[PDB]
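Here is what each chain is made of, one letter per residue.
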Amino acid sequence: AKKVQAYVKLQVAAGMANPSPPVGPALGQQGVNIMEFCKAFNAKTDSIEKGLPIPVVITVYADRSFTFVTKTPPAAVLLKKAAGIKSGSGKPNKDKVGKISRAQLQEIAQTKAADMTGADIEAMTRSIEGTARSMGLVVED
Amino acid sequence: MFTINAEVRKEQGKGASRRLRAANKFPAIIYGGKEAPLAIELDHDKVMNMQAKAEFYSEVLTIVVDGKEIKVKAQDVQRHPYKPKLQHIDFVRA
Amino acid sequence: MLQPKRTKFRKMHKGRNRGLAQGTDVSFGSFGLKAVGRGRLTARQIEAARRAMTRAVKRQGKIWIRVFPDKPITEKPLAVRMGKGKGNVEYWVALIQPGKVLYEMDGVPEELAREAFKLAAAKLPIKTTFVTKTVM
Amino acid sequence: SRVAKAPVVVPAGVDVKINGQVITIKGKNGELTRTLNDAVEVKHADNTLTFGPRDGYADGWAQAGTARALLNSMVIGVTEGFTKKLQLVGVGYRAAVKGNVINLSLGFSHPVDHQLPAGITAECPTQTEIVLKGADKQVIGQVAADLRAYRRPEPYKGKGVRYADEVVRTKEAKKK
Amino acid sequence: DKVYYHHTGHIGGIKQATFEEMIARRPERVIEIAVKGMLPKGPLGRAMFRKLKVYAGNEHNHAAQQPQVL
Amino acid sequence: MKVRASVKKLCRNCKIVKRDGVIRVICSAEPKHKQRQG
RNA sequence: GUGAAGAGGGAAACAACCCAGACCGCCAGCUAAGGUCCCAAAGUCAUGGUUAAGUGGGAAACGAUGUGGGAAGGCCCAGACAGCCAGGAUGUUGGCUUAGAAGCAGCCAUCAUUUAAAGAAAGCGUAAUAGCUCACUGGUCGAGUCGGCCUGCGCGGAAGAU
RNA sequence: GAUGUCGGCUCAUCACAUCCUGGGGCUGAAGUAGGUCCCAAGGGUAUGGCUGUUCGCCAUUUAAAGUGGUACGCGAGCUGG
Ligand SMILES: [Mg+2]
Ligand SMILES: [Mg+2]
Ligand SMILES: [Mg+2]
Ligand SMILES: [Mg+2]
Ligand SMILES: [Mg+2]
Ligand SMILES: [Mg+2]
Ligand SMILES: [Mg+2]
Ligand SMILES: [Mg+2]
Ligand SMILES: [Mg+2]
Ligand SMILES: [Mg+2]
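What the entry reports as its method is cryo-EM, with 9.5 Å given for the resolution.

Right, here's the structure in full:
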């Protein structure tokens with residue numbers, strides 16, 4: 001569709017940053033200041049769940065300065081924790097690697113709510129269920 | 001119901017018939033009952049489109065010949081060897 | 001290699017060779033492929049055509065065959081004139097305009113018929129089907 | 001039907017004229033004529049112009065379309081001033097102008113100077129860019145290609161003067 | 001699209017061919033060429049062709065019979 | 001390649017196949033690919 | 001049936017094919033086959049229509065939006081066909097796999113939200129993302145537009161030696 | 001009541017279904033070299049070993065060593081293997 005520099009997105013661990021392969025060169029190309037972001041990101045990430053991969057969208061200016069919004073962790077990840085599993089099924093739907101109660105999905109839907117378009121909770125719950133079915137994660141009501 | 005216009009034939013034989021279908025007018029027949037068989041000359045490029053249906057060979061039809069009535073059905077159907085064209089058509093009276 | 005004919009007993013022999021007249025019309029499947037115009041439908045021709053129907057398509061339904069060769073077609077080598085009437089070995093069906101294809105399960109009726117029409121020497125229209133209604 | 005052609009305004013500068021068949025236009029740009037086909041019967045009330053097909057003959061009706069358009073472009077050219085530019089890519093490739101003789105240093109042993117016809121000059125805003133521009137869209141087109149033609153872009157790289165629009169990225173991967 | 005085809009004589013399979021739009025060196029030739037053949041063919045019709053006078057340039061060197069005309 | 005007779009046209013974006021009888025399957029708008037009259 | 005054992009007229013030329021059977025003479029008429037622009041006798045004839053290739057004036061399978069005619073259908077002034085403008089979103093970078101695989105190496109799945117519309121995506125592209133175009137939809141413009149059926153005439157296929 | 005065979009020599013002339021050279025399209029075409037198809041007949045298109053050979057194989061050249069028609073061109077022109 002469309003893909004240009006400026007306003008980068010990336011999912012980095014809660015309290016960790018600065019490695020070159022994961023970070024560095026990614027936004028580094030854009031003109032971002034690695035160090036500042038590393039310390040800056042992990043600062044707030046302390047309050048935000050530590051140990052939880054959280055996607056952040058950095059937007060740089062002509063100033064080369066930048067800001068970033070920390071949202072909620074990915075649905076797939078949240079489903080993994082909830083399921084208590086480390087990974088997806090490889091062949092989702094064919095083989096189920098884990099399960100999650102309908103209650104849990106509502107909880108994840110609630111967590112992601114801020115980032116989700118869902119008009120009502122059912123809508124949200126079901127956006128996440130869509131991810132679960134893609135993960136080989138069954139849901140028992 | 002299906003309505004097919006037509007009229008009696010002038011002649012009936014090789015030359016005659018062959019001359020009708022050669023102008024979109026395959027000669028058909030109508031028999032059954034006490035009424036003497038009827039030899040007409042329907043309009044080809046107008047009946048082949050109507051036979052197009054599956055209804056044609058089930059529900060009776062109304063052939064407007066001369067200006068009278070008849071209410072009949074389709075019996076035998078002679079079609080061209082390879083041309084989608086149609087030919088002699090048998091009509092079972094009521 | 002296929003051979004729709006051969007498979008007869010050995011006697012009765014071969015000979016004659018005439019011209020033709022009018023065609024014929026059959027009916028066995030949901031879709032048929034009829035030819036229009038006399039030509040030589042040799043065994044080899046007929047197998048090539050039919051065999052080309054499945055042609056990595058599907059084994060769905062079942063195809064037919066109304067046409068069937070009648071060998072009696074002699075040829076001679078690099079030899080003298082009328083010293084006998086050398087063997088035949090070749091084939092020939094001698095059609096006019098009959099129907100000879102037919103399809104069981106619908107599927108890709110007309111489609112396939114065309115995907116394999118060139119093998120035949122004569123020209124055959126898309127044709128239609130056993131009917132008492134029509135198409136278009 | 002779904003197509004035709006009827007409009008052709010005659011604002012200021014638009015001093016169209018017809019001489020039986022001939023049509024000479026004027027304006028801020030230049031003097032362009034274009035005697036159409038024979039049946040042609042174009043005129044001018046006060047603003048709208050209109051082609052004239054002697055009659056509804058096959059090669060007579062469509063002869064209108066190609067006509068109601070050509071003249072129109074003559075108007076759109078005379079009033080706006082036509083422009084079109086190409087860009088040169090590849091090491092060594094350069095650009096330069098000296099009135100007409102647009103010296104070209106592409107990649108041959110010696111550079112050349114394409115002399116452009118009259119009615120359309122060109123300017124190299126840099127040794128890499130060339131922007132031709134004139135009135136008559138005809139001489140415009142031919143010289144647009146007549147130039148890039150000096151070295152058509154090759155897939156493996158793209159090098160070679162190209163229109164400043166040519167989608168052609170590069171090649172399909174090489175091989176042997 | 002139409003040639004005339006002459007073939008000289010000295011073989012070497014030269015065989016000359018020229019189209020009509022290619023007739024710029026001597027347009028006078030044509031017409032005279034066409035008008036020919038349609039003659040009795042032979043002596044009479046042979047010394048009968050000259051009664052044409054080619055001329056390719058309207059009222060020019062009408063001297064061929066400048067005196068009287070119609 | 002540029003054929004002699006007619007190999008249809010195939011593909012979608014191939015030329016309109018219109019002109020002085022120019023078939024050759026290919027599918028223009030293939031910056032490199034260009035199977036056609038030649 | 002003709003030539004043989006048949007001449008005259010026609011098919012350029014041409015025993016056999018088409019017309020037609022030469023008893024003589026005629027600077028007299030009508031016709032047959034075939035013809036009527038010139039060679040070359042007689043319509044540069046008339047009423048209408050086809051073709052645009054010199055077809056007529058050599059040749060097939062098959063191919064093609066050539067152009068003529070006839071019939072039946074698909075969408076459409078609740079706006080179609082081409083174009084122009086605008087959008088094309090969210091869970092989600094789907095799961096796996098992989099150094100990476102984020103619509104677009106590959107395998108599996110291909111749901112659901114928001115909707116006027118929005119494929120877990122059609123091609124290009126990146127190391128992977130970024131970016132470009134596509135499906136779809138809204139506005140614009142306002143009338144046909146898109147194929148097959150049967151048939152007329154035509155085009156390509158079509159290379160040879162004085 | 002005679003139209004002298006194959007091959008060679010001499011000397012040819014045409015075709016194009018082109019071998020070299022000339023101009024193009026695609027390529028699984030980087031370049032160099034090629035592959036293939038279109039166009040093109042202006043001109044050019046090998047010396048020997050073996051064999052009667054045509055041909056062929058082999059040695060060595062060449063930009064290349066074209067295919068074919070001409071009573072398988074050519075004996076009132078040569079040869080006679
Ligand atoms: Mg004479
Ligand atoms: Mg005798
Ligand atoms: Mg008379
Ligand atoms: Mg006369
Ligand atoms: Mg001809
Ligand atoms: Mg050639
Ligand atoms: Mg030798
Ligand atoms: Mg000889
Ligand atoms: Mg001697
Ligand atoms: Mg001897």
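**Describing the nonpolar core**
Judged by nonpolar contacts, the single largest core of 22 residues is most densely connected at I4, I40, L42, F56, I63 and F91 of chain B. When residues of this core are traced back to their parent elements, those giving at least two are strand 1 (2-6), strand 2 (27-31), helix 2 (44-51), strand 4 (61-65), strand 5 (73-79) and strand 6 (86-92) of chain B. Setting aside residues up to four positions removed in sequence, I40 of chain B forms contacts with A6, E7, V8, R9, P27, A28, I30, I63 and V65 of chain B. Formed by 19 residues, the second largest nonpolar core is a distinct cluster that contains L104, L116, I140 and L147 of chain D.

**Here we look at the environment of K43 of chain D**
Residues and elements named next belong to chain D. Position of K43 among the secondary structure elements: in the loop between strand 3 (32-33) and helix 1 (58-80). Taking relative accessible area as the criterion, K43 reaches 55% and is therefore assigned exposed. Spatially, the C-alpha atoms of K43 and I140 are 27 Å apart, while their sequence positions differ by 97 residues. Discounting residues that sit within four places of it in the chain, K43 has contacts with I18, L49 and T50.

**Observations regarding the arrangement of the chains**
Among the 2 pairs of chains in contact, the pair with the most contacts is chains B and C. When C-alpha atoms are compared, chain A and chain D, though not in contact, are closest at a spacing of 17 Å.

**Focus on the interface of chain B and chain C**
At the interface, 8 residues of chain B touch 7 residues of chain C. The contact between chain B and chain C buries some 680 Å² in all, and 57% of this surface belongs to carbon and sulfur atoms. When residues of chain B are sorted by the area they lose upon contact with chain C, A52, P81 and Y82 of chain B head the list and together hold 55% of the total. Joining chain B to chain C, the criterion identifies 0 salt bridges. In this structure, the connection of chain B to chain C is made through 3 residue pairs in polar contact.

Criteria and cut-off values
- Residues numbered from 1 in each chain as written, not as in the entry; some residues may be left out.
- Chains lettered and ligands numbered in written order.
- Part of a larger assembly, values for the part shown.
- Heavy atoms only, no water.
- Core = buried A, V, L, I, M, F, W, Y, C linked by side-chain atoms within 4.5 Å.
- Buried < 20%, exposed > 50% of the residue type's maximum accessible area, 1.4 Å probe, protein only.
- Helix = DSSP H or I, 4+ residues; strand = E, 2+ residues; numbered from the N terminus.
- Contact = heavy atoms within 4.5 Å.
- Buried area = accessible area lost by both parts, 1.4 Å probe.
- Salt bridge = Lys/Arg side-chain N within 4 Å of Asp/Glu carboxyl O.
- Polar contact = N/O pair within 3.5 Å; in protein donor to acceptor, adjacent residues only side chain to side chain.

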